[PDB]
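Asker: One structure, as structure tokens, below. Some questions next.
All of this is worked out from the model, or read from it or from the source named; no laboratory read-out is quoted. Don't worry about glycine lacking a Cβ; one is built from the backbone with ideal geometry, like all the others, and counts go over all protein chains shown.
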Amino acid sequence: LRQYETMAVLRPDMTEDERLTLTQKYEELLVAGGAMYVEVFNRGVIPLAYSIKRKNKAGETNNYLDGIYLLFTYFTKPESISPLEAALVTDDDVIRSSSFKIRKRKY
Amino acid sequence: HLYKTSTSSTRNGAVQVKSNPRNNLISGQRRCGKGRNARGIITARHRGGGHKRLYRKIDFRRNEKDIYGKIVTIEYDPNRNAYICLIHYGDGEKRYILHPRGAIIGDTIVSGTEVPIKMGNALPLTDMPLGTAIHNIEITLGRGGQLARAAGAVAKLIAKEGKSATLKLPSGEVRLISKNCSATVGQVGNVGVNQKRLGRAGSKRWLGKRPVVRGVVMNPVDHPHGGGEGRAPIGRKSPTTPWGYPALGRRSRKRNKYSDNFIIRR
Amino acid sequence: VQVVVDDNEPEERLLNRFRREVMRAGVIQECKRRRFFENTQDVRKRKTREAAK
Amino acid sequence: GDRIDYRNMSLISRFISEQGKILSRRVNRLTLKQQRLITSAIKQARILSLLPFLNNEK
Amino acid sequence: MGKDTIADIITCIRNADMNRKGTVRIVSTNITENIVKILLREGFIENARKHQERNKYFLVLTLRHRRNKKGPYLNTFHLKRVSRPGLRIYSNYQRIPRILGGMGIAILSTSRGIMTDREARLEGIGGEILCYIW
Amino acid sequence: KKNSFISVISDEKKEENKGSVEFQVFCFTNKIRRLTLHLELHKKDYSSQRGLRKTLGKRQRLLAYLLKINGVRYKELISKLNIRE
RNA sequence: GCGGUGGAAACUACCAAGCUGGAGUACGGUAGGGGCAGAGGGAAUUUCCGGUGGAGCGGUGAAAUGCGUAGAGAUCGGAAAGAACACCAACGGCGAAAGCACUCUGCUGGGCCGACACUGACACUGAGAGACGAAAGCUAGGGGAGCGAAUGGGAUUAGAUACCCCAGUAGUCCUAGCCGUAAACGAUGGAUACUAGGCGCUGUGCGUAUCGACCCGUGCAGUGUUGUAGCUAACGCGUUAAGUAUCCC
């Protein structure tokens, strides 16, 4: 197994408690297959440079100004990396789900 | 050709090379049309004959919802050329559905609201990101018409639009249709299958329809135009019965008029 | 890519010379014309080679 | 000294000038080893909108 | 690589005297040790000794230069191989070359051992002409 | 990876380490059979073809060398790795 | 000159047993637009719809064609789509050549250094042969914002079936197959050993405990040099030489 850090560019629709339940759904996906987790860093509600996904097949008067960013530093199987980013993007939230390979051990 | 499974081309030898089919069928058919272009009193609009038809089948609207699937094997149907497979839902509902693209091995295939977007089955546009690849849209919330020709059946969208109206038809430009509709979300039906050439007619053309060409062939009666030593008074309005081939324009309404916009005409 | 007028005071001075160093007509004269594809990697890097040392 | 860390907005905002354009060789004082590796950390931090692409000075 | 070790010594001494060096290190082989022996007996060099760098055995070759001028006169003006690999030259008792009319000599590997221009004529033997020094 | 490099040195019999004409060929055949299986899915690749012709050319020099020493260790090799000849 | 006999044995060659500096491999690390596939990100351009609002806009050395009061441009809000992807970029890097640069993931090649461990010359080159090929072009199916052969107008001119202006098709983009050419140029084929020096990259060792941006070495690849000897007809090249030599095409 390899060390990964997927940063889900969370859409401003989901609240503080709704991000923490997605961290618990993350545990039932990888730890239930011979894996583990490290920790979570919540950056806070930081405004966008360009409003991405302001409206895509929705109403005309709708603008997504703000946005929250969080990186999940974990440990999982190299075959369970593709259906992981696919299980995230299927929901009406999250703009982008990019997976990264980390060589450094975070404490 | 540019993709795999190139289209076989019969080399020279004797003009063309016909063939002789031979397969089997397992239910899923009524009788299909078998009377040739007629009406019971007047044939109307000539050009249309030759045997080799029958075999209709159904399955288009798809009322089933959140039900998994499993495309068994592929299959072809007369008239329309774009396969139709046979699939196999999780429960066991014998259907057909328009063969998407990458399948044959069963794959996923599933309809209903909130389902995996890829090329499963029915899926309401109401739940679609952009829709760069749909399939067969419906004028209403229950039918299954429009571009049913799986092969090349394309119709992009406009990401997210309100008023419940989008869809970007191909040569039909862009219009506005209800959003409370669903589709196969495949937009595929093989393009190489129709890329092939007929050959030299005879045992490939007539076996589907009577001569498509008429020509002046003189005779002012047999056709609005004609006569002369050999040449024909073309351009001088020579359409079978007041028609008008030089564009002109048709389809005029006021209330239930066309709700399509843009529609460029070069 | 804009310019700073973050300084207060009811002053009438331009201060458009501060951005005329980095941005200027330079990023638009390098662009807005036609690209040479190969002579952009050859001729434009040949004159900077002899002007370096 | 952190070159791979993209999550430090306070450190990387000193590297990026008043414009959204990435720093030159004359300023910041970094060699071609430290460069390209820091630019990949900026290009990544820009998609997360911590540092804007075309940063408006005001 | 090293296609011919008998040819690289000829190049290592020739380029060393042109840029006036004191000692050159060439590869250790018995046939090349026989060429440096009949080089000092005639007087073209000082002496030759055994050496070792890093588990590899090398041969010490000290050259000789004349008096000081604008460019001091060298011992060997030209060094060239006759029996190049892929063009093997063989000669008899009459076809032995007279290099510079008796001033310079040609070292050849004979059946009796390793003889020069004058030494192979007195024995009445011939063979493969390696190189000519002058 | 490291599992394919540690198995090849302990399976076949010859008292030396990786420097063997028996261990070097099965290390190259393992790199050819996995690269040809890569060319089945990635048939659009061009740069991995030069690395296939190099490893095939390096194996042909090692198999021709084993034919010159002894034919006992050569005949027991080519039948185990399942190559032509 | 050819053959035969009796010898000599260094070299070349054959045979046997080795050695190691060649070459190769493994261990552990480093850099890179190397390549293929699949995603996703930002600016801008064009187009469609709507709001505001006015008669001008566009363009040129001047103008005109063209777009405009069935009201553009400009401006704001939203949508659709295609291509390339600023800055960093560098006298940078990688690749056999061609060539390749926004970010990410998946598979994959080559190069280099370092304590070494192992084989052991298993090498170099290489007609034919096989494979790769910028762009343009061709076949079939898609796509098509911009640019733009052709082509249509305006203008310039003695004339211009050019340059310039307004439009604009094939094409340029994608998949598969085909054609294989270029100042495919460092116009100096590949491989190896040697020969004065002074400044710019990447790995690694070391330097009162590295106290520091750094200092002293040791390898790879890469520029310029009043670059020396030498070479060259000269220009120039100059240990990444057209310097001195060897192997082969």
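Asker: Considering E:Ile96, E:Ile38, which residue is in the same structural domain as E:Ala7 (by CATH), away from RNA strand G (no atom under 11 Å from the Cβ) and surrounded by 14 or more Cβ atoms within 10 Å (Cβ to Cβ)? Quick ask: steps written out before the conclusion?
Answerer: Numbers: E:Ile96 fails: in the same structural domain as E:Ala7 (by CATH).
That would be E:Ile38, the only listed residue that is in the same structural domain as E:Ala7 (by CATH), away from RNA strand G (no atom under 11 Å from the Cβ) and surrounded by 14 or more Cβ atoms within 10 Å (Cβ to Cβ).
Asker: Let me ask you something else. Checking the structure you have, find out if any residue of the stretch D:27-37 is within 14 Å of chain A (Cβ to nearest Cβ) and on the phi < 0 side of the Ramachandran plot. Break it down stepwise before answering.
Answerer: Within the stretch D:27-37, the first condition is being within 14 Å of chain A (Cβ to nearest Cβ), and the residues that meet it are D:37.
Filter once more, keeping what is on the phi < 0 side of the Ramachandran plot: D:37.
Yes: the stretch D:27-37 contains one or more residues that are within 14 Å of chain A (Cβ to nearest Cβ) and on the phi < 0 side of the Ramachandran plot.
Asker: Still on this structure: Restricting to the stretch A:62-84, count the residues that are more than 13 Å from RNA strand G (Cβ to nearest atom), among the β-branched types (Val, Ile, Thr) and more than 18 Å from A:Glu16 (Cβ to Cβ).
Answerer: Result for the stretch A:62-84: 1.
Asker: Those residues that are farther than 30 Å from B:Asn180 by Cβ and within 11 Å of another protein chain (Cβ to nearest Cβ), I need them from the stretch A:45-64; list them, please.
Answerer: First, the residues of the stretch A:45-64 that are farther than 30 Å from B:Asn180 by Cβ: A:45-50.
If the condition is that a residue be farther than 30 Å from B:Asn180 by Cβ and within 11 Å of another protein chain (Cβ to nearest Cβ), then A:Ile46, A:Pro47, A:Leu48, A:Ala49, A:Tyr50 are the ones that fit.
Asker: Within the bounds of the stretch A:23-32, is there any residue that is in contact with an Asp or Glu (Cβ under 8 Å, 6 or more places away or on another chain) and either touching a residue at least 24 places away in the same chain (Cβ under 8 Å) or within 18 Å of A:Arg96 (Cβ to Cβ) (or both)? If you could, list the steps in order and put the result at the bottom.
Answerer: Just the residues of the stretch A:23-32 that are in contact with an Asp or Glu (Cβ under 8 Å, 6 or more places away or on another chain), to begin with: none.
Checking the stretch A:23-32: not a single residue is in contact with an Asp or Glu (Cβ under 8 Å, 6 or more places away or on another chain) and either touching a residue at least 24 places away in the same chain (Cβ under 8 Å) or within 18 Å of A:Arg96 (Cβ to Cβ) (or both).
Asker: If you go through the stretch C:27-44 one residue at a time, do you hit one that is within 12 Å of chain D (Cβ to nearest Cβ) and either out of contact with any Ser or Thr (no Cβ under 8 Å at 6 or more places or on another chain) or of a type outside the set (D, E, K, R) (or both)? So that I can check it myself, show each step before the final result.
Answerer: Within the stretch C:27-44, the first condition is being within 12 Å of chain D (Cβ to nearest Cβ), and the residues that meet it are C:27.
From what is left, the residues that are either out of contact with any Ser or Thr (no Cβ under 8 Å at 6 or more places or on another chain) or of a type outside the set (D, E, K, R) (or both) are C:27.
Yes, the stretch C:27-44 contains a residue that is within 12 Å of chain D (Cβ to nearest Cβ) and either out of contact with any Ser or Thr (no Cβ under 8 Å at 6 or more places or on another chain) or of a type outside the set (D, E, K, R) (or both).
Asker: Is at least one residue of the stretch D:13-24 aromatic (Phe, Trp, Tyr) and touching a helix residue (DSSP H, G or I) at 6+ places or on another chain (Cβ under 9 Å)?
Answerer: Step one: filter the stretch D:13-24 for residues aromatic (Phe, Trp, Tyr), giving D:15.
Imposing the further condition that a residue be touching a helix residue (DSSP H, G or I) at 6+ places or on another chain (Cβ under 9 Å) reduces the set to D:15.
Yes, the stretch D:13-24 contains a residue that is aromatic (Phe, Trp, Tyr) and touching a helix residue (DSSP H, G or I) at 6+ places or on another chain (Cβ under 9 Å).
Asker: Would you point out the residue of the stretch C:1-16, among those that are surrounded by 10 or more Cβ atoms within 10 Å (Cβ to Cβ) and farther than 21 Å from D:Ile22 by Cα, that is farthest from the other protein chains (Cβ to nearest Cβ)? It would help to see each step written out before you state the result.
Answerer: Of all residues in the stretch C:1-16, those surrounded by 10 or more Cβ atoms within 10 Å (Cβ to Cβ) come to C:1-5, C:15.
Of the ones still in play, those that are also farther than 21 Å from D:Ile22 by Cα are C:5, C:15.
On the way: C:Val5: 6, C:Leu15: 11 Å.
Applying the filter and picking the extreme gives C:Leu15.
Asker: Ok, one more. Can you name the condition, by its number, that D:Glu57 falls short on among (1) more than 13 Å from every other protein chain (Cβ to nearest Cβ); (2) part of a loop (DSSP other than H, G, I, E, B); (3) more than 8 Å from RNA strand G (Cβ to nearest atom); (4) of a type outside the set (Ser, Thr, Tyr)?
Answerer: (1)
Asker: What pairs come up if the first residue lies in the stretch B:96-120 and is within 14 Å of chain A (Cβ to nearest Cβ) and farther than 15 Å from B:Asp59 by Cβ, the second is outside any loop (DSSP other than H, G, I, E, B) and among the β-branched types (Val, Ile, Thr), and their beta carbons are under 8 Å apart, counting only those six or more places apart or on different chains?
Answerer: B:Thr113/B:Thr126
Asker: Considering each of A:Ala49, A:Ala58, A:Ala87 in turn, give the residue that is within 14 Å of RNA strand G (Cβ to nearest atom), hydrophobic (A, V, I, L, M, F, W, C) and part of a helix (DSSP H, G or I).
Answerer: Working: A:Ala49 fails: part of a helix (DSSP H, G or I); A:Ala58 fails: part of a helix (DSSP H, G or I).
None of the others qualify; the one that does is A:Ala87.
Asker: Follow-up question, since we're still on this one. Quick one: which residue in F:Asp45, F:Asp11 is over 13 Å from the mean Cα position of the chain (by Cα), within 30 Å of A:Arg2 (Cα to Cα) and near RNA strand G (Cβ under 8 Å from one of its atoms)? Talk me through it step by step, then tell me what you get.
Answerer: Values: F:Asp11 fails: near RNA strand G (Cβ under 8 Å from one of its atoms).
Just one listed residue meets the conditions, F:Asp45.
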